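The data block below is protein_3.cif; it holds mmCIF, C-alpha atoms and all ligand atoms.
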data_data
loop_
_atom_site.group_PDB
_atom_site.id
_atom_site.type_symbol
_atom_site.label_atom_id
_atom_site.label_comp_id
_atom_site.auth_asym_id
_atom_site.auth_seq_id
_atom_site.Cartn_x
_atom_site.Cartn_y
_atom_site.Cartn_z
ATOM 1 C CA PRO A 206 32.019 0.749 8.969
ATOM 2 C CA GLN A 207 29.409 1.026 6.254
ATOM 3 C CA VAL A 208 27.754 -2.339 7.133
ATOM 4 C CA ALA A 209 27.814 -1.299 10.837
ATOM 5 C CA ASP A 210 26.497 2.268 10.702
ATOM 6 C CA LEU A 211 23.579 1.167 8.462
ATOM 7 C CA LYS A 212 22.366 -1.432 10.950
ATOM 8 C CA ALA A 213 21.487 1.471 13.171
ATOM 9 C CA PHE A 214 19.787 3.301 10.316
ATOM 10 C CA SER A 215 17.765 0.184 9.525
ATOM 11 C CA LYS A 216 16.607 -0.529 13.048
ATOM 12 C CA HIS A 217 15.499 3.098 13.324
ATOM 13 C CA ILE A 218 13.268 2.723 10.239
ATOM 14 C CA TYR A 219 11.907 -0.552 11.556
ATOM 15 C CA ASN A 220 10.931 1.230 14.781
ATOM 16 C CA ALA A 221 9.132 3.945 12.837
ATOM 17 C CA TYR A 222 7.293 1.132 11.027
ATOM 18 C CA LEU A 223 6.321 -0.773 14.246
ATOM 19 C CA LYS A 224 5.366 2.512 15.846
ATOM 20 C CA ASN A 225 3.093 3.659 13.003
ATOM 21 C CA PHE A 226 1.428 0.924 11.033
ATOM 22 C CA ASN A 227 -1.858 -0.418 12.057
ATOM 23 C CA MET A 228 -1.207 -3.893 10.878
ATOM 24 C CA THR A 229 2.062 -5.791 10.638
ATOM 25 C CA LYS A 230 2.545 -8.666 8.269
ATOM 26 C CA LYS A 231 3.386 -10.813 11.335
ATOM 27 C CA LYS A 232 -0.038 -9.981 12.837
ATOM 28 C CA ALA A 233 -1.533 -10.433 9.310
ATOM 29 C CA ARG A 234 -0.136 -13.862 8.365
ATOM 30 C CA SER A 235 -1.075 -15.057 11.831
ATOM 31 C CA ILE A 236 -4.768 -14.334 11.402
ATOM 32 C CA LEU A 237 -4.643 -15.622 7.812
ATOM 33 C CA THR A 238 -3.054 -18.969 8.891
ATOM 34 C CA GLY A 239 -5.260 -19.740 11.876
ATOM 35 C CA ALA A 245 -11.484 -15.981 13.281
ATOM 36 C CA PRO A 246 -12.414 -13.176 10.869
ATOM 37 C CA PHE A 247 -15.950 -13.022 9.602
ATOM 38 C CA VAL A 248 -15.918 -14.018 5.938
ATOM 39 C CA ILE A 249 -17.521 -11.650 3.436
ATOM 40 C CA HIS A 250 -18.341 -13.510 0.268
ATOM 41 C CA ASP A 251 -21.629 -11.905 -0.703
ATOM 42 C CA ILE A 252 -24.262 -9.265 0.026
ATOM 43 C CA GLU A 253 -25.737 -11.232 2.917
ATOM 44 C CA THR A 254 -22.437 -11.378 4.797
ATOM 45 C CA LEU A 255 -21.490 -7.883 3.683
ATOM 46 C CA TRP A 256 -24.671 -6.471 5.221
ATOM 47 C CA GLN A 257 -23.943 -8.729 8.138
ATOM 48 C CA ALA A 258 -20.338 -7.534 8.543
ATOM 49 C CA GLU A 259 -21.502 -4.005 8.029
ATOM 50 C CA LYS A 260 -24.014 -3.678 10.850
ATOM 51 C CA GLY A 261 -22.180 -5.058 13.839
ATOM 52 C CA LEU A 262 -20.554 -8.328 12.779
ATOM 53 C CA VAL A 263 -17.320 -6.445 12.066
ATOM 54 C CA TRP A 264 -17.804 -2.681 11.613
ATOM 55 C CA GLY A 270 -19.334 7.520 8.097
ATOM 56 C CA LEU A 271 -19.134 6.772 4.363
ATOM 57 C CA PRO A 272 -20.796 8.662 1.491
ATOM 58 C CA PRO A 273 -24.559 8.081 1.286
ATOM 59 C CA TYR A 274 -25.335 4.566 0.150
ATOM 60 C CA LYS A 275 -25.590 4.172 -3.607
ATOM 61 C CA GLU A 276 -24.895 0.622 -4.644
ATOM 62 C CA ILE A 277 -23.049 -2.516 -3.543
ATOM 63 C CA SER A 278 -19.987 -2.234 -5.738
ATOM 64 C CA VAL A 279 -19.689 1.483 -4.954
ATOM 65 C CA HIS A 280 -20.074 0.955 -1.221
ATOM 66 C CA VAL A 281 -17.060 -1.344 -1.361
ATOM 67 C CA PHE A 282 -15.235 1.304 -3.423
ATOM 68 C CA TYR A 283 -15.925 3.784 -0.663
ATOM 69 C CA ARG A 284 -14.572 1.339 1.950
ATOM 70 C CA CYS A 285 -11.444 1.057 -0.216
ATOM 71 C CA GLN A 286 -11.170 4.817 -0.046
ATOM 72 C CA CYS A 287 -11.562 4.968 3.658
ATOM 73 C CA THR A 288 -8.899 2.280 4.019
ATOM 74 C CA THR A 289 -6.542 4.027 1.618
ATOM 75 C CA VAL A 290 -6.946 7.403 3.308
ATOM 76 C CA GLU A 291 -6.113 5.802 6.628
ATOM 77 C CA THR A 292 -3.031 4.015 5.180
ATOM 78 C CA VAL A 293 -1.921 7.310 3.655
ATOM 79 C CA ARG A 294 -2.052 8.888 7.181
ATOM 80 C CA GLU A 295 0.171 6.108 8.520
ATOM 81 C CA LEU A 296 2.573 6.340 5.611
ATOM 82 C CA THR A 297 2.871 9.984 6.356
ATOM 83 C CA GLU A 298 3.596 9.468 10.022
ATOM 84 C CA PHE A 299 6.011 6.675 9.097
ATOM 85 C CA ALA A 300 7.794 9.005 6.657
ATOM 86 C CA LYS A 301 8.080 11.728 9.251
ATOM 87 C CA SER A 302 9.463 9.150 11.758
ATOM 88 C CA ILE A 303 12.511 8.897 9.453
ATOM 89 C CA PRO A 304 14.929 11.760 10.394
ATOM 90 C CA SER A 305 16.363 12.351 6.898
ATOM 91 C CA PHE A 306 12.813 12.581 5.477
ATOM 92 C CA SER A 307 11.859 15.452 7.844
ATOM 93 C CA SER A 308 15.067 17.297 7.006
ATOM 94 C CA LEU A 309 13.451 17.860 3.592
ATOM 95 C CA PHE A 310 11.281 20.886 2.968
ATOM 96 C CA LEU A 311 7.674 20.408 3.727
ATOM 97 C CA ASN A 312 6.797 20.808 0.045
ATOM 98 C CA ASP A 313 9.158 17.996 -1.084
ATOM 99 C CA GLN A 314 7.806 15.733 1.677
ATOM 100 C CA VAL A 315 4.337 16.184 0.187
ATOM 101 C CA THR A 316 5.739 15.512 -3.304
ATOM 102 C CA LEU A 317 7.281 12.183 -2.233
ATOM 103 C CA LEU A 318 4.066 11.094 -0.478
ATOM 104 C CA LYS A 319 1.852 12.317 -3.335
ATOM 105 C CA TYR A 320 3.660 10.118 -5.830
ATOM 106 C CA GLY A 321 4.806 7.271 -3.654
ATOM 107 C CA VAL A 322 1.982 6.226 -1.353
ATOM 108 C CA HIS A 323 0.036 4.106 -3.727
ATOM 109 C CA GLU A 324 3.114 2.191 -4.575
ATOM 110 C CA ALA A 325 3.700 1.750 -0.846
ATOM 111 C CA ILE A 326 0.082 0.887 -0.237
ATOM 112 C CA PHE A 327 0.076 -1.843 -2.850
ATOM 113 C CA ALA A 328 3.257 -3.132 -1.525
ATOM 114 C CA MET A 329 1.840 -3.483 2.002
ATOM 115 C CA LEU A 330 -1.479 -4.756 0.639
ATOM 116 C CA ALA A 331 0.383 -8.015 0.019
ATOM 117 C CA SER A 332 0.879 -8.412 3.752
ATOM 118 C CA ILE A 333 -2.901 -8.851 4.445
ATOM 119 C CA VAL A 334 -3.615 -10.820 1.280
ATOM 120 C CA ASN A 335 -3.628 -14.517 0.545
ATOM 121 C CA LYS A 336 -4.526 -16.380 -2.698
ATOM 122 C CA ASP A 337 -8.245 -16.261 -1.746
ATOM 123 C CA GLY A 338 -8.816 -12.885 -0.155
ATOM 124 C CA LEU A 339 -7.803 -10.137 2.226
ATOM 125 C CA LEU A 340 -8.254 -8.910 5.749
ATOM 126 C CA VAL A 341 -10.380 -5.866 6.542
ATOM 127 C CA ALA A 342 -11.299 -3.948 9.637
ATOM 128 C CA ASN A 343 -8.105 -4.418 11.515
ATOM 129 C CA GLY A 344 -8.250 -8.281 11.065
ATOM 130 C CA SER A 345 -11.853 -8.439 12.270
ATOM 131 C CA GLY A 346 -13.037 -9.667 8.794
ATOM 132 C CA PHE A 347 -11.945 -11.349 5.579
ATOM 133 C CA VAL A 348 -13.293 -10.398 2.178
ATOM 134 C CA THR A 349 -13.116 -13.045 -0.544
ATOM 135 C CA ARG A 350 -11.369 -12.452 -3.748
ATOM 136 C CA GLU A 351 -14.263 -14.021 -5.603
ATOM 137 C CA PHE A 352 -16.675 -11.519 -4.026
ATOM 138 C CA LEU A 353 -14.528 -8.599 -5.264
ATOM 139 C CA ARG A 354 -14.389 -10.127 -8.749
ATOM 140 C CA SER A 355 -18.207 -10.270 -8.800
ATOM 141 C CA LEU A 356 -18.570 -6.531 -8.339
ATOM 142 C CA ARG A 357 -20.104 -4.665 -11.192
ATOM 143 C CA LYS A 358 -17.328 -3.372 -13.530
ATOM 144 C CA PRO A 359 -15.129 -1.335 -13.418
ATOM 145 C CA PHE A 360 -14.962 -1.841 -9.656
ATOM 146 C CA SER A 361 -14.347 -5.589 -10.155
ATOM 147 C CA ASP A 362 -11.161 -4.902 -12.164
ATOM 148 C CA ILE A 363 -9.399 -2.482 -9.996
ATOM 149 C CA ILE A 364 -8.554 -4.656 -7.034
ATOM 150 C CA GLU A 365 -7.887 -7.952 -8.969
ATOM 151 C CA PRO A 366 -4.472 -7.008 -10.444
ATOM 152 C CA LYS A 367 -3.303 -6.246 -6.885
ATOM 153 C CA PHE A 368 -3.910 -9.853 -5.811
ATOM 154 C CA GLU A 369 -1.859 -11.062 -8.763
ATOM 155 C CA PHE A 370 0.894 -8.706 -7.641
ATOM 156 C CA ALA A 371 0.592 -9.653 -4.006
ATOM 157 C CA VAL A 372 0.871 -13.426 -4.462
ATOM 158 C CA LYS A 373 4.204 -13.106 -6.332
ATOM 159 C CA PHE A 374 5.394 -10.576 -3.879
ATOM 160 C CA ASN A 375 4.486 -12.769 -0.870
ATOM 161 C CA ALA A 376 6.557 -15.557 -2.477
ATOM 162 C CA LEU A 377 9.689 -13.573 -1.437
ATOM 163 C CA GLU A 378 8.701 -14.249 2.205
ATOM 164 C CA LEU A 379 9.527 -10.770 3.485
ATOM 165 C CA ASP A 380 9.066 -9.947 7.139
ATOM 166 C CA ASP A 381 8.151 -6.595 8.641
ATOM 167 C CA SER A 382 11.776 -5.571 9.052
ATOM 168 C CA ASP A 383 12.365 -6.015 5.340
ATOM 169 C CA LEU A 384 9.176 -4.091 4.583
ATOM 170 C CA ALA A 385 10.066 -1.071 6.695
ATOM 171 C CA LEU A 386 13.144 -0.569 4.472
ATOM 172 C CA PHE A 387 11.359 -1.500 1.212
ATOM 173 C CA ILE A 388 8.665 1.057 1.939
ATOM 174 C CA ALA A 389 11.157 3.682 2.949
ATOM 175 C CA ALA A 390 12.912 3.118 -0.388
ATOM 176 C CA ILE A 391 9.657 3.597 -2.281
ATOM 177 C CA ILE A 392 8.850 6.942 -0.604
ATOM 178 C CA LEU A 393 12.343 8.333 -0.851
ATOM 179 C CA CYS A 394 12.528 8.226 -4.601
ATOM 180 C CA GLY A 395 14.294 11.054 -6.458
ATOM 181 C CA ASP A 396 12.403 10.294 -9.686
ATOM 182 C CA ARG A 397 9.232 12.059 -8.526
ATOM 183 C CA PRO A 398 7.815 14.922 -10.659
ATOM 184 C CA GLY A 399 8.411 18.383 -9.270
ATOM 185 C CA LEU A 400 10.744 17.053 -6.604
ATOM 186 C CA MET A 401 12.850 20.010 -5.516
ATOM 187 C CA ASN A 402 16.017 18.774 -3.826
ATOM 188 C CA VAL A 403 16.602 15.786 -6.145
ATOM 189 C CA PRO A 404 20.223 15.174 -5.052
ATOM 190 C CA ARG A 405 19.224 15.076 -1.400
ATOM 191 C CA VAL A 406 16.388 12.612 -1.984
ATOM 192 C CA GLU A 407 18.535 10.479 -4.228
ATOM 193 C CA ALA A 408 21.223 10.409 -1.583
ATOM 194 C CA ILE A 409 18.802 9.280 1.100
ATOM 195 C CA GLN A 410 17.368 6.668 -1.207
ATOM 196 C CA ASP A 411 20.799 5.262 -1.761
ATOM 197 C CA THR A 412 21.530 5.029 1.943
ATOM 198 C CA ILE A 413 18.230 3.124 2.254
ATOM 199 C CA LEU A 414 18.950 0.746 -0.579
ATOM 200 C CA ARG A 415 22.396 -0.087 0.809
ATOM 201 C CA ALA A 416 20.881 -0.567 4.223
ATOM 202 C CA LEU A 417 18.275 -2.792 2.624
ATOM 203 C CA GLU A 418 20.786 -4.997 0.916
ATOM 204 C CA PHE A 419 22.973 -5.494 3.955
ATOM 205 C CA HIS A 420 19.834 -6.137 5.960
ATOM 206 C CA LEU A 421 18.817 -8.762 3.377
ATOM 207 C CA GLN A 422 21.965 -10.763 3.340
ATOM 208 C CA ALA A 423 21.665 -10.877 7.124
ATOM 209 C CA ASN A 424 17.896 -11.641 7.529
ATOM 210 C CA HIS A 425 17.889 -13.922 4.420
ATOM 211 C CA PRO A 426 21.297 -15.626 4.334
ATOM 212 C CA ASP A 427 20.533 -18.265 1.770
ATOM 213 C CA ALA A 428 18.132 -16.099 -0.228
ATOM 214 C CA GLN A 429 19.680 -16.009 -3.720
ATOM 215 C CA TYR A 430 18.836 -12.883 -5.748
ATOM 216 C CA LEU A 431 16.614 -11.238 -3.157
ATOM 217 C CA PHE A 432 17.889 -7.634 -3.540
ATOM 218 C CA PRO A 433 17.782 -7.139 -7.290
ATOM 219 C CA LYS A 434 14.414 -8.920 -7.202
ATOM 220 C CA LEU A 435 13.123 -6.270 -4.822
ATOM 221 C CA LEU A 436 14.374 -3.534 -7.147
ATOM 222 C CA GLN A 437 12.341 -5.122 -9.919
ATOM 223 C CA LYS A 438 9.258 -5.222 -7.631
ATOM 224 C CA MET A 439 9.660 -1.471 -7.137
ATOM 225 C CA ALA A 440 9.734 -1.148 -10.828
ATOM 226 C CA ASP A 441 6.566 -3.280 -11.026
ATOM 227 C CA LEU A 442 4.779 -1.253 -8.402
ATOM 228 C CA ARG A 443 5.510 1.798 -10.544
ATOM 229 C CA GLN A 444 3.594 0.054 -13.409
ATOM 230 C CA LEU A 445 0.894 -1.290 -11.139
ATOM 231 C CA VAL A 446 0.156 2.208 -9.917
ATOM 232 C CA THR A 447 0.178 3.516 -13.451
ATOM 233 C CA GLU A 448 -2.417 1.002 -14.651
ATOM 234 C CA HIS A 449 -4.339 1.757 -11.437
ATOM 235 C CA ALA A 450 -4.355 5.492 -12.248
ATOM 236 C CA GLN A 451 -5.667 4.674 -15.706
ATOM 237 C CA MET A 452 -8.600 2.695 -14.385
ATOM 238 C CA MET A 453 -9.143 5.558 -11.966
ATOM 239 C CA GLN A 454 -9.468 8.048 -14.813
ATOM 240 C CA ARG A 455 -12.061 5.684 -16.344
ATOM 241 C CA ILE A 456 -13.985 5.683 -13.105
ATOM 242 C CA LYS A 457 -13.906 9.481 -12.885
ATOM 243 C CA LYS A 458 -15.144 9.698 -16.489
ATOM 244 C CA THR A 459 -17.848 6.988 -16.522
ATOM 245 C CA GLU A 460 -18.654 6.736 -12.758
ATOM 246 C CA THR A 461 -20.206 10.142 -12.517
ATOM 247 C CA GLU A 462 -22.356 9.343 -9.417
ATOM 248 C CA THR A 463 -19.413 7.876 -7.424
ATOM 249 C CA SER A 464 -17.700 10.537 -5.298
ATOM 250 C CA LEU A 465 -13.980 10.727 -4.617
ATOM 251 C CA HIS A 466 -12.331 11.697 -1.377
ATOM 252 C CA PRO A 467 -10.692 15.145 -1.610
ATOM 253 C CA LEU A 468 -7.242 13.973 -0.528
ATOM 254 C CA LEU A 469 -7.396 11.263 -3.191
ATOM 255 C CA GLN A 470 -8.343 13.718 -5.903
ATOM 256 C CA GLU A 471 -5.254 15.796 -4.966
ATOM 257 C CA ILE A 472 -3.043 12.810 -5.614
ATOM 258 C CA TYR A 473 -4.749 11.953 -8.905
ATOM 259 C CA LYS A 474 -5.044 15.448 -10.303
ATOM 260 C CA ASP A 475 -1.535 15.766 -11.718
HETATM 261 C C1 LIG B 1 -15.700 -5.444 1.976
HETATM 262 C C2 LIG B 1 -14.899 -4.161 2.091
HETATM 263 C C3 LIG B 1 -13.803 -4.236 1.041
HETATM 264 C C4 LIG B 1 -12.536 -3.461 1.437
HETATM 265 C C5 LIG B 1 -11.373 -3.630 0.459
HETATM 266 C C6 LIG B 1 -10.223 -2.807 0.937
HETATM 267 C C7 LIG B 1 -9.087 -3.272 0.081
HETATM 268 N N1 LIG B 1 -7.970 -2.353 0.184
HETATM 269 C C8 LIG B 1 -7.866 -1.220 -0.762
HETATM 270 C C9 LIG B 1 -7.160 -1.531 -2.079
HETATM 271 C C10 LIG B 1 -7.406 -0.352 -2.904
HETATM 272 C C11 LIG B 1 -8.565 -0.292 -3.664
HETATM 273 C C12 LIG B 1 -8.827 0.841 -4.430
HETATM 274 C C13 LIG B 1 -7.966 1.927 -4.475
HETATM 275 O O1 LIG B 1 -8.361 3.007 -5.289
HETATM 276 C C14 LIG B 1 -8.484 4.326 -4.741
HETATM 277 C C15 LIG B 1 -9.125 5.333 -5.705
HETATM 278 C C16 LIG B 1 -9.417 4.319 -3.540
HETATM 279 C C17 LIG B 1 -8.741 4.168 -2.214
HETATM 280 C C18 LIG B 1 -7.090 4.979 -4.588
HETATM 281 O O2 LIG B 1 -6.283 4.692 -5.468
HETATM 282 O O3 LIG B 1 -6.779 5.743 -3.667
HETATM 283 C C19 LIG B 1 -6.787 1.860 -3.715
HETATM 284 C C20 LIG B 1 -6.508 0.733 -2.934
HETATM 285 C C21 LIG B 1 -7.074 -2.627 1.170
HETATM 286 O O4 LIG B 1 -7.208 -3.586 1.928
HETATM 287 N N2 LIG B 1 -6.041 -1.786 1.249
HETATM 288 C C22 LIG B 1 -5.009 -1.857 2.114
HETATM 289 C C23 LIG B 1 -5.078 -2.055 3.503
HETATM 290 C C24 LIG B 1 -3.868 -2.097 4.226
HETATM 291 C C25 LIG B 1 -2.636 -1.944 3.560
HETATM 292 F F1 LIG B 1 -1.492 -1.979 4.202
HETATM 293 C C26 LIG B 1 -2.542 -1.750 2.206
HETATM 294 C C27 LIG B 1 -3.738 -1.712 1.500
HETATM 295 F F2 LIG B 1 -3.684 -1.535 0.172
HETATM 296 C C1 LIG B 2 -0.865 14.092 3.576
HETATM 297 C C2 LIG B 2 0.374 13.941 2.676
HETATM 298 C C3 LIG B 2 0.110 13.437 1.222
HETATM 299 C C4 LIG B 2 -0.600 14.492 0.357
HETATM 300 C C5 LIG B 2 -0.865 13.971 -1.047
HETATM 301 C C6 LIG B 2 -1.711 14.955 -1.895
HETATM 302 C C7 LIG B 2 -0.910 16.226 -2.265
HETATM 303 O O1 LIG B 2 -1.600 16.983 -3.292
HETATM 304 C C8 LIG B 2 -0.764 18.010 -3.824
HETATM 305 O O2 LIG B 2 -0.634 19.049 -2.871
HETATM 306 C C9 LIG B 2 0.369 19.981 -3.253
HETATM 307 C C10 LIG B 2 0.772 20.832 -2.037
HETATM 308 O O3 LIG B 2 -0.218 21.365 -1.373
HETATM 309 C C11 LIG B 2 -0.206 20.838 -4.380
HETATM 310 O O4 LIG B 2 -0.037 22.056 -4.413
HETATM 311 C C12 LIG B 2 -0.977 20.067 -5.458
HETATM 312 O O5 LIG B 2 -1.253 20.607 -6.537
HETATM 313 C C13 LIG B 2 -1.354 18.593 -5.084
HETATM 314 O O6 LIG B 2 -2.101 17.917 -5.787
#
Take the structure from the file and write it as structure tokens.
Amino acid sequence: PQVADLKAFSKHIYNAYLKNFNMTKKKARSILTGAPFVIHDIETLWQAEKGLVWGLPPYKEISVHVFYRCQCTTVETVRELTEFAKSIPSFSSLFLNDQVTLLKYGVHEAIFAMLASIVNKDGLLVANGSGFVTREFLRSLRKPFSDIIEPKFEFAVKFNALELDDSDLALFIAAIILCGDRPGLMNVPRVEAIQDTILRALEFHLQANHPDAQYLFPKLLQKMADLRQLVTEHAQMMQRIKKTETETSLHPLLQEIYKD
């Protein structure tokens, strides 16, 4: 009945996910278990840069160059998240303006959620798996660039402890985007209703895919809550970069998200 009709709904979201995201956690963990060129310093960064692994703003500095790469990566993940969102029927039913409102306020949360998929205790994949940047190298970046990405690792390791597969993620992400709590959201009841359908689908999907997993569901709800905080602290550091990092330019689409 309920538990039957939702299976469908869940598989459909999983297909949108497989169809749209550049990198699946399956593909990610694989590469991270088994190779990618390791970037742990300037030498290897310049190396990776040239041809080793790899249209950015004019060079300016090491730490900033990385910041720019982060931007390029984020912009690309925002494009996927958008396509993924549109691949969910109920999401497209919404007026174009509300769709943009959900993406505007939910993508970073989604992005940091998925970041966990390509991240292990020591670093993270880059360039479609082609390379691996060390966590220690990021930490060495001149501040404030060295602070921004570190909290994400902390988040990611705990998150990865839940051992979620791509099918769980598709639903988890969907839940994040379809959140009726977003500012200026127009058809709040509609969004809320879709979110609920997603959460119920998620739970049923979890007791199936993770039989013996104790408190998985409510734990995921807390993670959503955490991502909300993670993004908030991220936005704060971002305002500090816009204030003090006068020379560092910001991608237009990213400024639109961070303006209000
Ligand atoms: C050696 C090259 C190093 C490359 C490092 C790239 C690290 N980085 C960006 C994290 C980040 C950093 C800053 C960030 O801040 C900005 C301002 C900039 C994008 C934003 O909030 O939009 C947002 C997000 C990622 O790998 N991101 C990433 C990739 C796939 C995915 F599914 C989810 C992800 F978060
Ligand atoms: C590509 C989908 C994700 C887009 C995220 C960025 C959206 O920015 C917002 O665009 C709205 C509609 O145009 C406004 O009117 C704003 O004021 C604004 O900041």
Item to complete: List all protein, DNA and RNA residues that have an atom no more than 8 Å from any atom of ligand LIG 2 (chain B), counting only C-alpha atoms and all ligand atoms, and report them as a list in words.
Response: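 For ligand LIG 2 (chain B), the residues inside 8 Å are residues 293, 294, 297, 312, 314, 315, 316, 318, 319, 320, 322, 468, 469, 470, 471, 472, 473, 474 and 475 of chain A.
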Worksheet entry | Residue among A:323, A:358, A:397, A:425 lying closest to ligand LIG 1 (chain B), counting only C-alpha atoms and all ligand atoms | A:323
Practice prompt. Can you turn the PyMOL selection byres (((chain A and resi 384) around 9) and not hetatm) into a concrete residue list for this file, as an MDAnalysis selection string?
Written response: chainID A and resid 219 222 230 328:329 379:383 385:389
Do you have, as JSON lines, the list of residues of chain A lying at most 6 Å from ligand LIG 1 (chain B), each with its nearest atom pair and that distance in Å to one decimal, counting all atoms listed in the file and ordered by chain then number?
{"residue": "A:281", "atom": "CA", "partner": "B:LIG1", "partner_atom": "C2", "distance": 5.0}
{"residue": "A:284", "atom": "CA", "partner": "B:LIG1", "partner_atom": "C4", "distance": 5.2}
{"residue": "A:285", "atom": "CA", "partner": "B:LIG1", "partner_atom": "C6", "distance": 4.2}
{"residue": "A:286", "atom": "CA", "partner": "B:LIG1", "partner_atom": "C17", "distance": 3.3}
{"residue": "A:288", "atom": "CA", "partner": "B:LIG1", "partner_atom": "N2", "distance": 5.7}
{"residue": "A:289", "atom": "CA", "partner": "B:LIG1", "partner_atom": "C17", "distance": 4.4}
{"residue": "A:326", "atom": "CA", "partner": "B:LIG1", "partner_atom": "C26", "distance": 4.5}
{"residue": "A:327", "atom": "CA", "partner": "B:LIG1", "partner_atom": "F2", "distance": 4.8}
{"residue": "A:329", "atom": "CA", "partner": "B:LIG1", "partner_atom": "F1", "distance": 4.3}
{"residue": "A:330", "atom": "CA", "partner": "B:LIG1", "partner_atom": "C26", "distance": 3.6}
{"residue": "A:348", "atom": "CA", "partner": "B:LIG1", "partner_atom": "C1", "distance": 5.5}
{"residue": "A:364", "atom": "CA", "partner": "B:LIG1", "partner_atom": "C11", "distance": 5.5}
{"residue": "A:469", "atom": "CA", "partner": "B:LIG1", "partner_atom": "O3", "distance": 5.6}
Determine, counting only C-alpha atoms, which protein, DNA and RNA residues have an atom within 9 Å of an atom of residue A:422; residues of the same chain fewer than 6 positions away are not included. Present the result as a PDB file with C-alpha atoms, in the coordinates of the input.
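Result saved to around.pdb:
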ATOM      1  CA  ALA A 428      18.132 -16.099  -0.228  1.00  0.00           C
ATOM      2  CA  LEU A 431      16.614 -11.238  -3.157  1.00  0.00           C
ATOM      3  CA  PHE A 432      17.889  -7.634  -3.540  1.00  0.00           C
TER       4      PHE A 432
END
Worksheet item: Of the candidates A:435, A:300, A:255, A:390, which shows the shortest atom-to-atom distance to residue A:226, using only C-alpha atoms?
Response: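 For residue A:226, the nearest of the candidates is A:300.
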Will you give me stretch 379-390 of chain A, written with N, CA, C and O atoms and laid out as a short mmCIF file (atom, residue, chain, number, x, y, z; two decimals), in the first residue's frame?
data_model
loop_
_atom_site.label_atom_id
_atom_site.label_comp_id
_atom_site.auth_asym_id
_atom_site.auth_seq_id
_atom_site.Cartn_x
_atom_site.Cartn_y
_atom_site.Cartn_z
N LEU A 379 26.32 4.61 3.98
CA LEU A 379 25.23 4.80 3.04
C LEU A 379 25.66 4.55 1.63
O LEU A 379 26.74 4.96 1.22
N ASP A 380 24.81 3.87 0.86
CA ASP A 380 25.12 3.61 -0.54
C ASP A 380 24.40 4.63 -1.36
O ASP A 380 23.58 5.39 -0.85
N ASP A 381 24.69 4.65 -2.66
CA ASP A 381 24.07 5.59 -3.59
C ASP A 381 22.58 5.65 -3.59
O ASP A 381 22.00 6.70 -3.85
N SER A 382 21.92 4.52 -3.32
CA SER A 382 20.46 4.48 -3.31
C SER A 382 19.95 5.24 -2.11
O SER A 382 18.90 5.86 -2.17
N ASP A 383 20.68 5.18 -0.99
CA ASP A 383 20.25 5.92 0.19
C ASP A 383 20.43 7.41 -0.11
O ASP A 383 19.55 8.23 0.14
N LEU A 384 21.60 7.75 -0.67
CA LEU A 384 21.92 9.12 -1.00
C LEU A 384 20.89 9.78 -1.89
O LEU A 384 20.44 10.89 -1.60
N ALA A 385 20.49 9.12 -2.97
CA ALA A 385 19.51 9.73 -3.87
C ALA A 385 18.32 10.28 -3.08
O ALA A 385 17.90 11.41 -3.31
N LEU A 386 17.81 9.50 -2.13
CA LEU A 386 16.68 9.92 -1.30
C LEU A 386 17.05 11.02 -0.30
O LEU A 386 16.30 11.97 -0.09
N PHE A 387 18.21 10.87 0.33
CA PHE A 387 18.72 11.82 1.32
C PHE A 387 18.88 13.19 0.69
O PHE A 387 18.52 14.21 1.28
N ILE A 388 19.42 13.21 -0.52
CA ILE A 388 19.61 14.45 -1.26
C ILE A 388 18.28 15.03 -1.64
O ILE A 388 18.04 16.22 -1.46
N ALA A 389 17.40 14.19 -2.16
CA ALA A 389 16.09 14.66 -2.54
C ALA A 389 15.43 15.35 -1.36
O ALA A 389 14.85 16.42 -1.51
N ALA A 390 15.54 14.73 -0.18
CA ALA A 390 14.95 15.28 1.04
C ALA A 390 15.52 16.67 1.37
O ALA A 390 14.78 17.57 1.77
#
